[PDB]
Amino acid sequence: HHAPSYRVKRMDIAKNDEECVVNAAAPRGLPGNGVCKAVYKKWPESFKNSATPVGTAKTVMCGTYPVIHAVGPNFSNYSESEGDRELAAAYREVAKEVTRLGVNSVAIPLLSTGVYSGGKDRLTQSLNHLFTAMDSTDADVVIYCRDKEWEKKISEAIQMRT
C-alpha cells in the first residue's frame, strides 16, 4: 500500500499541509519566540494545559486538529549527555503520539536546534533522533525548517537513505 515518506520544506510550520503538527514547546506551556510563536498564533486553543516535562510530549486538540507539544531540553541547562538523552526521548514520545492519533501525516520541526540549542549547531544530532523515533511509524513526515543551508542538509540526509 502507500509508501511512507519523509520530505523537508523551508517555510513556516504553521502553514503545513499535514494532519497534525509538532510544536517545539516549552515545559511550562508558555508561548515562545521560535516555532512556538507561530504555533501559538495559529492554534492558541492548543495551549490549554499544554505544560509537560522536558523529554515528553503532550497533545492538545485545536478543534479536531492535534498539536503535539514536544519539549526538547534547553542545552544551556542540561549537560551534553543528559540533554542528548532527553532530546531523544522527546522524539520517542512524538512517535507514540503520532501512532496513537492514527494520523496519516505529521509536520515536525527540529527540536532543541534554536532557542534551546545552547548556541551550538545541532541539526545532525536532532535530525538523527527524529529518524530514530519516527522511522518505525508509517505516517508521512514533513520536516519544516527556515534556514536555506539546513534545508539542503536535511534533504541530503533523507535522500541518502533511499
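The first residue of the shown sequence is 1; numbering continues from there.
**Q** Report the stretch with the higher mean CA temperature factor, choosing between 152-160 and 1-9 on the basis of the entry.
**A** The entry gives the higher C-alpha B-factor average to 1-9.
**Q** Is the mean CA B factor in the deposited entry higher across 143-151 or across 19-27?
**A** Between 143-151 and 19-27, it is 143-151.
**Q** Ranked by Cα temperature factor within the chain, is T124 in the lowest third, the middle third or the highest third?
**A** As the PDB entry reports it, the C-alpha B-factor of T124 lands in the middle third of its chain.
**Q** Split into thirds by Cα B-factor across the chain's modelled residues, where does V103 land: lowest, middle or highest?
**A** Within its chain, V103 is a highest-third residue by C-alpha B-factor, going by the deposited values.
**Q** Can you tell me whether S112 has a C-alpha B-factor in the lowest, middle or highest third compared with the other modelled residues of the same chain?
**A** According to the entry, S112 has a C-alpha B-factor in the chain's lowest third.
**Q** Divide the modelled residues of the chain into thirds by Cα B-factor and specify which third, lowest, middle or highest, holds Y91.
**A** Answer is lowest: the recorded C-alpha B-factor places it there.
**Q** Would the CA B-factor of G55 place it in the lowest, middle or highest third of its chain?
**A** It belongs to the lowest third of the chain when residues are ordered by C-alpha B-factor.
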